[PDB]
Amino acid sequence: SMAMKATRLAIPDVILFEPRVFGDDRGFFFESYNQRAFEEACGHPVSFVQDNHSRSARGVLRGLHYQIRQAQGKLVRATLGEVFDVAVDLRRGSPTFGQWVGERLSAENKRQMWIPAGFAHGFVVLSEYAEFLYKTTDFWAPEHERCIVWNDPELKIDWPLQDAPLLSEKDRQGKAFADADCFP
């Protein structure tokens, strides 16, 4: 069925993609996205309207973000460095509501995650510096972004970390999972 690997995770709708590479470390070529494979993989059509690119230093943790209005699916990867990327299922009635999955994505391993509408998203940087890019199905609007605090006790996420995250004020002020409005 492919020519990039696709693997459903503990939470099935969340998918990990692995591009096939051609060439080697001194020259290589790879497909970072293929509408056909991606749609066959996720089982439905998708339109990406915005691409976002960011750079953040070791230990920066941007996180537990999601928009309830102007909801968005996100396809994320690391073109530089290594992050641990996390997805939380906040879908009304989901059998896996309140569950999370996480994976290391890096420029070396070239892995990506699709995180559908209805999930909260986050990552922490593990390398000296990380460059993160994602494609979304709708635009990032601050007036609509909610947040769940990274270190929430019930989610009890396994941050491969071992040093306090450098968080933004906003993310520090994150809501407790218990108090979090979730997705219809």
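Numbering starts at 1 and follows the sequence shown. Rigid core: the largest C-alpha set superposing within 1.5 Å between the two forms.
*Asks:* Out of 90 to 98 and 109 to 117, which one drifts farther from the shown form in 4 other deposited structures of this protein in terms of CA positions, with the fit done on the rigid core?
*Replies:* Most displaced of the pair in 4 other deposited structures of this protein: 90 to 98.
*Asks:* Fitting on the core, do the C-alphas of 137 to 145 or of 33 to 41 deviate more in 4 other deposited structures of this protein?
*Replies:* Looking at 137 to 145 versus 33 to 41 in 4 other deposited structures of this protein, the farther one turns out to be 137 to 145.
*Asks:* Which is higher in the entry, the mean Cα B factor of 155 to 163 or that of 24 to 32?
*Replies:* In the deposited entry, the stretch with the higher C-alpha B-factor mean is 155 to 163.
*Asks:* Please work out which of 121 to 129 and 37 to 45 has the higher mean CA B-factor as recorded in the PDB entry.
*Replies:* Averaging CA B-factors over each stretch, the winner is 37 to 45.
*Asks:* Ranking the modelled residues of this chain by C-alpha B-factor as given in the entry, is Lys135 in the lowest, middle or highest third?
*Replies:* Middle third - that is where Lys135 ends up once the chain's C-alpha B-factors are sorted.
*Asks:* Using only modelled residues of the chain, where does the Cα B factor of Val60 rank: lowest third, middle third or highest third?
*Replies:* It belongs to the middle third of the chain when residues are ordered by C-alpha B-factor.
*Asks:* When the deposited Cα B-factors of this chain's modelled residues are ordered and cut into thirds, is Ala141 in the lowest, the middle or the highest one?
*Replies:* Its C-alpha B-factor, which the entry lists for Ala141, ranks in the highest third among residues of this chain.
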